[PDB]
>>> print(open('model-v4.pdb').read())   # PDB, C-alpha atoms and all ligand atoms
ATOM      1  CA  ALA I   2      -0.903 -19.440   1.314  1.00  0.00           C
ATOM      2  CA  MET I   3      -0.379 -19.954   5.112  1.00  0.00           C
ATOM      3  CA  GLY I   4       3.339 -19.378   4.445  1.00  0.00           C
ATOM      4  CA  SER I   5       2.840 -15.763   3.343  1.00  0.00           C
ATOM      5  CA  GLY I   6       3.760 -13.150   5.921  1.00  0.00           C
ATOM      6  CA  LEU I   7       0.554 -11.379   4.842  1.00  0.00           C
ATOM      7  CA  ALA I   8      -1.573 -14.380   5.967  1.00  0.00           C
ATOM      8  CA  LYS I   9      -1.414 -13.264   9.663  1.00  0.00           C
ATOM      9  CA  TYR I  10      -3.249 -10.078   8.623  1.00  0.00           C
ATOM     10  CA  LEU I  11      -5.781 -11.594   6.180  1.00  0.00           C
ATOM     11  CA  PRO I  12      -6.905 -14.803   7.986  1.00  0.00           C
ATOM     12  CA  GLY I  13     -10.100 -15.579   5.992  1.00  0.00           C
ATOM     13  CA  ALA I  14      -8.587 -14.458   2.660  1.00  0.00           C
ATOM     14  CA  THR I  15      -7.202 -16.686  -0.080  1.00  0.00           C
ATOM     15  CA  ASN I  16      -6.997 -14.571  -3.249  1.00  0.00           C
ATOM     16  CA  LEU I  17      -6.718 -10.908  -4.189  1.00  0.00           C
ATOM     17  CA  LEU I  18      -8.346  -9.263  -7.166  1.00  0.00           C
ATOM     18  CA  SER I  19      -6.101  -8.178 -10.041  1.00  0.00           C
ATOM     19  CA  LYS I  20      -6.737  -6.463 -13.411  1.00  0.00           C
ATOM     20  CA  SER I  21      -6.964  -9.963 -14.909  1.00  0.00           C
ATOM     21  CA  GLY I  22      -7.541 -13.067 -12.786  1.00  0.00           C
ATOM     22  CA  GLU I  23      -7.544 -13.417  -9.028  1.00  0.00           C
ATOM     23  CA  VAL I  24      -4.073 -14.062  -7.598  1.00  0.00           C
ATOM     24  CA  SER I  25      -2.921 -15.929  -4.517  1.00  0.00           C
ATOM     25  CA  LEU I  26      -1.242 -14.210  -1.578  1.00  0.00           C
ATOM     26  CA  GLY I  27       1.744 -16.474  -2.401  1.00  0.00           C
ATOM     27  CA  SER I  28       2.129 -14.711  -5.755  1.00  0.00           C
ATOM     28  CA  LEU I  29       3.502 -11.708  -3.798  1.00  0.00           C
ATOM     29  CA  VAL I  30       6.514 -13.696  -2.611  1.00  0.00           C
ATOM     30  CA  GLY I  31       9.608 -11.500  -2.220  1.00  0.00           C
ATOM     31  CA  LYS I  32       7.802  -8.218  -2.799  1.00  0.00           C
ATOM     32  CA  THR I  33       7.349  -5.060  -0.784  1.00  0.00           C
ATOM     33  CA  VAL I  34       3.576  -4.582  -0.443  1.00  0.00           C
ATOM     34  CA  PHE I  35       1.770  -1.322   0.171  1.00  0.00           C
ATOM     35  CA  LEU I  36      -1.637  -1.789   1.823  1.00  0.00           C
ATOM     36  CA  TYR I  37      -3.679   1.159   0.577  1.00  0.00           C
ATOM     37  CA  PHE I  38      -6.559   2.095   2.870  1.00  0.00           C
ATOM     38  CA  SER I  39      -8.920   4.209   0.790  1.00  0.00           C
ATOM     39  CA  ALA I  40     -12.537   4.890  -0.186  1.00  0.00           C
ATOM     40  CA  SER I  41     -14.184   6.063  -3.406  1.00  0.00           C
ATOM     41  CA  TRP I  42     -15.983   9.019  -1.779  1.00  0.00           C
ATOM     42  CA  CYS I  43     -13.058  10.276   0.301  1.00  0.00           C
ATOM     43  CA  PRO I  44     -11.794  13.508  -1.300  1.00  0.00           C
ATOM     44  CA  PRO I  45      -8.149  13.198  -0.141  1.00  0.00           C
ATOM     45  CA  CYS I  46      -8.221   9.597  -1.421  1.00  0.00           C
ATOM     46  CA  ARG I  47      -9.665  10.682  -4.756  1.00  0.00           C
ATOM     47  CA  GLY I  48      -6.790  13.180  -5.080  1.00  0.00           C
ATOM     48  CA  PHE I  49      -4.087  10.736  -4.008  1.00  0.00           C
ATOM     49  CA  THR I  50      -5.094   7.652  -6.007  1.00  0.00           C
ATOM     50  CA  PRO I  51      -3.963   9.057  -9.368  1.00  0.00           C
ATOM     51  CA  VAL I  52      -0.651  10.188  -7.808  1.00  0.00           C
ATOM     52  CA  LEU I  53      -0.076   6.703  -6.420  1.00  0.00           C
ATOM     53  CA  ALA I  54      -1.082   5.196  -9.822  1.00  0.00           C
ATOM     54  CA  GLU I  55       1.657   7.258 -11.483  1.00  0.00           C
ATOM     55  CA  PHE I  56       4.111   6.151  -8.806  1.00  0.00           C
ATOM     56  CA  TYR I  57       3.101   2.505  -9.330  1.00  0.00           C
ATOM     57  CA  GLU I  58       3.371   2.666 -13.108  1.00  0.00           C
ATOM     58  CA  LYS I  59       6.873   4.171 -12.979  1.00  0.00           C
ATOM     59  CA  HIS I  60       8.392   2.046 -10.175  1.00  0.00           C
ATOM     60  CA  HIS I  61       6.462  -1.159  -9.335  1.00  0.00           C
ATOM     61  CA  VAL I  62       8.654  -3.451 -11.480  1.00  0.00           C
ATOM     62  CA  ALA I  63      12.020  -1.702 -10.911  1.00  0.00           C
ATOM     63  CA  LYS I  64      11.499  -1.565  -7.130  1.00  0.00           C
ATOM     64  CA  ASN I  65       9.549  -4.859  -6.911  1.00  0.00           C
ATOM     65  CA  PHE I  66       6.424  -3.794  -5.137  1.00  0.00           C
ATOM     66  CA  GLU I  67       2.684  -4.308  -5.244  1.00  0.00           C
ATOM     67  CA  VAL I  68      -0.199  -2.214  -3.966  1.00  0.00           C
ATOM     68  CA  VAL I  69      -3.278  -3.789  -2.420  1.00  0.00           C
ATOM     69  CA  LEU I  70      -6.477  -1.760  -2.058  1.00  0.00           C
ATOM     70  CA  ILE I  71      -8.122  -2.132   1.353  1.00  0.00           C
ATOM     71  CA  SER I  72     -11.416  -0.368   0.676  1.00  0.00           C
ATOM     72  CA  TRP I  73     -13.690   1.386   3.151  1.00  0.00           C
ATOM     73  CA  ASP I  74     -16.489   1.378   0.513  1.00  0.00           C
ATOM     74  CA  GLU I  75     -19.731  -0.115   1.849  1.00  0.00           C
ATOM     75  CA  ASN I  76     -21.337  -0.337  -1.596  1.00  0.00           C
ATOM     76  CA  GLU I  77     -20.252  -2.986  -4.086  1.00  0.00           C
ATOM     77  CA  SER I  78     -20.914  -0.821  -7.165  1.00  0.00           C
ATOM     78  CA  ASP I  79     -18.703   1.937  -5.742  1.00  0.00           C
ATOM     79  CA  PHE I  80     -15.984  -0.584  -4.827  1.00  0.00           C
ATOM     80  CA  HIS I  81     -15.752  -2.016  -8.353  1.00  0.00           C
ATOM     81  CA  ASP I  82     -15.919   1.368 -10.076  1.00  0.00           C
ATOM     82  CA  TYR I  83     -13.177   2.860  -7.867  1.00  0.00           C
ATOM     83  CA  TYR I  84     -10.891  -0.200  -8.033  1.00  0.00           C
ATOM     84  CA  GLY I  85     -11.485   0.018 -11.818  1.00  0.00           C
ATOM     85  CA  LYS I  86      -9.461   3.272 -11.784  1.00  0.00           C
ATOM     86  CA  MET I  87      -6.459   1.457 -10.246  1.00  0.00           C
ATOM     87  CA  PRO I  88      -3.671  -0.670 -11.810  1.00  0.00           C
ATOM     88  CA  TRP I  89      -2.843  -2.825  -8.753  1.00  0.00           C
ATOM     89  CA  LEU I  90      -4.575  -5.494  -6.599  1.00  0.00           C
ATOM     90  CA  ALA I  91      -7.469  -5.475  -4.154  1.00  0.00           C
ATOM     91  CA  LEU I  92      -8.755  -7.273  -1.118  1.00  0.00           C
ATOM     92  CA  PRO I  93     -12.066  -8.649  -2.436  1.00  0.00           C
ATOM     93  CA  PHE I  94     -15.328  -6.925  -1.505  1.00  0.00           C
ATOM     94  CA  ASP I  95     -16.479 -10.170   0.225  1.00  0.00           C
ATOM     95  CA  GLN I  96     -13.687  -9.669   2.851  1.00  0.00           C
ATOM     96  CA  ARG I  97     -14.769  -6.119   3.704  1.00  0.00           C
ATOM     97  CA  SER I  98     -15.657  -7.029   7.328  1.00  0.00           C
ATOM     98  CA  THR I  99     -11.893  -7.391   7.959  1.00  0.00           C
ATOM     99  CA  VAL I 100     -11.112  -3.799   6.872  1.00  0.00           C
ATOM    100  CA  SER I 101     -11.843  -2.178  10.273  1.00  0.00           C
ATOM    101  CA  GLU I 102      -9.844  -4.989  11.986  1.00  0.00           C
ATOM    102  CA  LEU I 103      -6.860  -4.391   9.670  1.00  0.00           C
ATOM    103  CA  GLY I 104      -7.024  -0.662  10.339  1.00  0.00           C
ATOM    104  CA  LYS I 105      -6.898  -1.341  14.086  1.00  0.00           C
ATOM    105  CA  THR I 106      -3.982  -3.766  13.637  1.00  0.00           C
ATOM    106  CA  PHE I 107      -1.908  -1.044  11.881  1.00  0.00           C
ATOM    107  CA  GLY I 108      -3.227   1.926  13.878  1.00  0.00           C
ATOM    108  CA  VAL I 109      -4.863   3.545  10.855  1.00  0.00           C
ATOM    109  CA  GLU I 110      -6.466   6.756  12.178  1.00  0.00           C
ATOM    110  CA  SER I 111      -7.490   8.298   8.842  1.00  0.00           C
ATOM    111  CA  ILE I 112      -7.383   7.650   5.100  1.00  0.00           C
ATOM    112  CA  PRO I 113      -5.717   7.731   2.640  1.00  0.00           C
ATOM    113  CA  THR I 114      -3.017   5.679   4.375  1.00  0.00           C
ATOM    114  CA  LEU I 115      -0.330   3.383   3.050  1.00  0.00           C
ATOM    115  CA  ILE I 116       1.167   0.663   5.272  1.00  0.00           C
ATOM    116  CA  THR I 117       4.362  -0.818   3.875  1.00  0.00           C
ATOM    117  CA  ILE I 118       4.894  -4.539   4.523  1.00  0.00           C
ATOM    118  CA  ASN I 119       7.528  -7.154   3.730  1.00  0.00           C
ATOM    119  CA  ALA I 120       5.297  -9.818   2.032  1.00  0.00           C
ATOM    120  CA  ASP I 121       7.333 -12.825   3.155  1.00  0.00           C
ATOM    121  CA  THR I 122       7.774 -11.937   6.826  1.00  0.00           C
ATOM    122  CA  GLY I 123       4.759  -9.648   7.300  1.00  0.00           C
ATOM    123  CA  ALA I 124       7.100  -7.092   8.946  1.00  0.00           C
ATOM    124  CA  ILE I 125       5.816  -3.512   8.977  1.00  0.00           C
ATOM    125  CA  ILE I 126       8.580  -1.555   7.255  1.00  0.00           C
ATOM    126  CA  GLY I 127       6.840   1.851   7.119  1.00  0.00           C
ATOM    127  CA  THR I 128       3.612   3.732   7.828  1.00  0.00           C
ATOM    128  CA  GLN I 129       4.259   7.091   6.074  1.00  0.00           C
ATOM    129  CA  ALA I 130       4.509   6.123   2.373  1.00  0.00           C
ATOM    130  CA  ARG I 131       1.439   8.305   1.572  1.00  0.00           C
ATOM    131  CA  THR I 132       3.604  11.276   2.595  1.00  0.00           C
ATOM    132  CA  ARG I 133       6.859   9.960   1.085  1.00  0.00           C
ATOM    133  CA  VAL I 134       5.223   9.506  -2.347  1.00  0.00           C
ATOM    134  CA  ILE I 135       4.461  13.281  -2.310  1.00  0.00           C
ATOM    135  CA  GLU I 136       7.995  14.332  -1.336  1.00  0.00           C
ATOM    136  CA  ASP I 137       9.895  11.718  -3.375  1.00  0.00           C
ATOM    137  CA  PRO I 138       7.756  10.731  -6.413  1.00  0.00           C
ATOM    138  CA  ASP I 139      10.968   9.565  -8.051  1.00  0.00           C
ATOM    139  CA  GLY I 140      12.958   6.699  -6.627  1.00  0.00           C
ATOM    140  CA  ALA I 141      15.426   7.784  -3.987  1.00  0.00           C
ATOM    141  CA  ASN I 142      14.758   6.415  -0.462  1.00  0.00           C
ATOM    142  CA  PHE I 143      13.080   3.022  -1.012  1.00  0.00           C
ATOM    143  CA  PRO I 144      11.077   1.636   0.855  1.00  0.00           C
ATOM    144  CA  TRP I 145      11.394   4.569   3.354  1.00  0.00           C
TER     145      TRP I 145
HETATM  146  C1  LIG X   1     -12.636  10.842   4.216  1.00  0.00           C
HETATM  147  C2  LIG X   1     -12.470   9.823   5.104  1.00  0.00           C
HETATM  148  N1  LIG X   1     -13.107   8.659   4.990  1.00  0.00           N
HETATM  149  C3  LIG X   1     -12.914   7.685   5.882  1.00  0.00           C
HETATM  150  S1  LIG X   1     -13.586   6.171   5.861  1.00  0.00           S
HETATM  151  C4  LIG X   1     -12.823   5.693   7.256  1.00  0.00           C
HETATM  152  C5  LIG X   1     -12.018   6.675   7.729  1.00  0.00           C
HETATM  153  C6  LIG X   1     -11.365   6.426   8.917  1.00  0.00           C
HETATM  154  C7  LIG X   1     -11.535   7.286  10.011  1.00  0.00           C
HETATM  155  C8  LIG X   1     -10.958   7.085  11.271  1.00  0.00           C
HETATM  156  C9  LIG X   1     -10.194   5.952  11.495  1.00  0.00           C
HETATM  157  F1  LIG X   1      -9.627   5.748  12.744  1.00  0.00           F
HETATM  158  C10 LIG X   1     -10.028   5.055  10.439  1.00  0.00           C
HETATM  159  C11 LIG X   1     -10.605   5.277   9.172  1.00  0.00           C
HETATM  160  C12 LIG X   1     -12.065   7.816   6.976  1.00  0.00           C
HETATM  161  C13 LIG X   1     -11.425   9.015   7.095  1.00  0.00           C
HETATM  162  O1  LIG X   1     -10.615   9.290   7.984  1.00  0.00           O
HETATM  163  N2  LIG X   1     -11.622  10.023   6.162  1.00  0.00           N
END
>>> encode(input="model-v4.pdb", output="structure tokens")
Amino acid sequence: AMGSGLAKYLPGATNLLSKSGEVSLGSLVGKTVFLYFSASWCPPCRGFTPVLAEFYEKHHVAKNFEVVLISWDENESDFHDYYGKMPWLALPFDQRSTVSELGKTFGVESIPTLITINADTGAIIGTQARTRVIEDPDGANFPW
């Protein structure tokens, strides 16, 4: 809720989408969270998403992290179809006005981009995970 370190970034947001029910921001307590800025029509994103999905499947429990899609999709059908390819969570389509604001907050200058955040404190703990996933698809230097 308001306690979450993520709350400062997602002011008008309560829940995130998951593969089952919606989950509270408080459910991410204690986790490392990767904010994944992406879009369904972006070719580098389309190429990276399955790589990240493999990374998530292998490591998300062992290394206690979550991924949250922050989608640049303007079309709701595209948003749901593309998030449907992903195992992790998503900022709901109804919050999409905040996407450009979030990008500006973290200095996102292109996508795909991962921003690594401490969920509890909201501290930025990395901005280059999109690159580190390529070089180190196994666990070695967590959370970079
Ligand atoms: C393919 C693609 N799609 C998109 S959708 C939004 C971006 C983008 C561009 C510049 C920025 F400063 C932030 C996001 C972006 C991009 O860089 N590449």
>>> closest_residue(input="model-v4.pdb", among="I:130, I:112, I:3, I:30", to="residue I:47", atoms="only C-alpha atoms")
I:112
>>> atom_distance(input="model-v4.pdb", atom1="atom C11 of ligand LIG 1 (chain X)", atom2="atom CA of residue I:110")
5.3 Å
>>> residues_near_ligand(input="model-v4.pdb", ligand="ligand LIG 1 (chain X)", cutoff="7 Å", atoms="all atoms listed in the file", output="list in words")
residues 40, 43, 44, 45, 73, 104, 109, 110, 111 and 112 of chain I
>>> residues_around(input="model-v4.pdb", residues="stretch 131-141 of chain I", least_positions_apart="3", cutoff="10 Å", atoms="all atoms listed in the file", output="list in words")
residues 35, 37, 49, 52, 53, 55, 56, 57, 59, 60, 63, 64, 112, 113, 114, 115, 116, 117, 128, 144 and 145 of chain I
>>> closest_atom_pairs(input="model-v4.pdb", of="stretch 5-41 of chain I", to="stretch 88-102 of chain I", cutoff="8 Å", atoms="all atoms listed in the file", output="tab-separated table")
residue	atom	partner	partner_atom	distance
I:11	CA	I:99	CA	7.6
I:13	CA	I:96	CA	7.6
I:14	CA	I:96	CA	7.0
I:16	CA	I:92	CA	7.8
I:17	CA	I:92	CA	5.2
I:18	CA	I:91	CA	4.9
I:19	CA	I:90	CA	4.6
I:20	CA	I:88	CA	6.7
>>> write_last_selection(input="model-v4.pdb", atoms="C-alpha atoms", output="PDB file, in the coordinates of the input")
ATOM      1  CA  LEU I  11      -5.781 -11.594   6.180  1.00  0.00           C
ATOM      2  CA  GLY I  13     -10.100 -15.579   5.992  1.00  0.00           C
ATOM      3  CA  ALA I  14      -8.587 -14.458   2.660  1.00  0.00           C
ATOM      4  CA  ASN I  16      -6.997 -14.571  -3.249  1.00  0.00           C
ATOM      5  CA  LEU I  17      -6.718 -10.908  -4.189  1.00  0.00           C
ATOM      6  CA  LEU I  18      -8.346  -9.263  -7.166  1.00  0.00           C
ATOM      7  CA  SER I  19      -6.101  -8.178 -10.041  1.00  0.00           C
ATOM      8  CA  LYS I  20      -6.737  -6.463 -13.411  1.00  0.00           C
TER       9      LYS I  20
END
>>> residues_near_point(input="model-v4.pdb", point="(5.8, -5.6, 2.8)", cutoff="6 Å", atoms="all atoms listed in the file", output="list in words")
residues 33, 34, 117, 118, 119 and 120 of chain I
>>> write_last_selection(input="model-v4.pdb", atoms="C-alpha atoms", output="PDB file, in the coordinates of the input")
ATOM      1  CA  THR I  33       7.349  -5.060  -0.784  1.00  0.00           C
ATOM      2  CA  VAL I  34       3.576  -4.582  -0.443  1.00  0.00           C
ATOM      3  CA  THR I 117       4.362  -0.818   3.875  1.00  0.00           C
ATOM      4  CA  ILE I 118       4.894  -4.539   4.523  1.00  0.00           C
ATOM      5  CA  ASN I 119       7.528  -7.154   3.730  1.00  0.00           C
ATOM      6  CA  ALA I 120       5.297  -9.818   2.032  1.00  0.00           C
TER       7      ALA I 120
END
>>> atom_distance(input="model-v4.pdb", atom1="atom CA of residue I:67", atom2="atom CA of residue I:142")
16.8 Å
>>> atom_distance(input="model-v4.pdb", atom1="atom CA of residue I:15", atom2="atom CA of residue I:36")
16.0 Å
>>> closest_residue(input="model-v4.pdb", among="I:143, I:107, I:81, I:9", to="residue I:66", atoms="all atoms listed in the file")
I:143
>>> closest_residue(input="model-v4.pdb", among="I:31, I:129, I:42, I:6", to="residue I:76", atoms="only C-alpha atoms")
I:42
>>> axis_aligned_box(input="model-v4.pdb", around="stretch 64-79 of chain I", padding_each_side="6 Å", output="lines of an AutoDock Vina configuration file")
center_x = -4.9
center_y = -1.5
center_z = -2.0
size_x = 44.8
size_y = 18.8
size_z = 22.3
>>> closest_residue(input="model-v4.pdb", among="I:21, I:106, I:29, I:77", to="residue I:5", atoms="all atoms listed in the file")
I:29
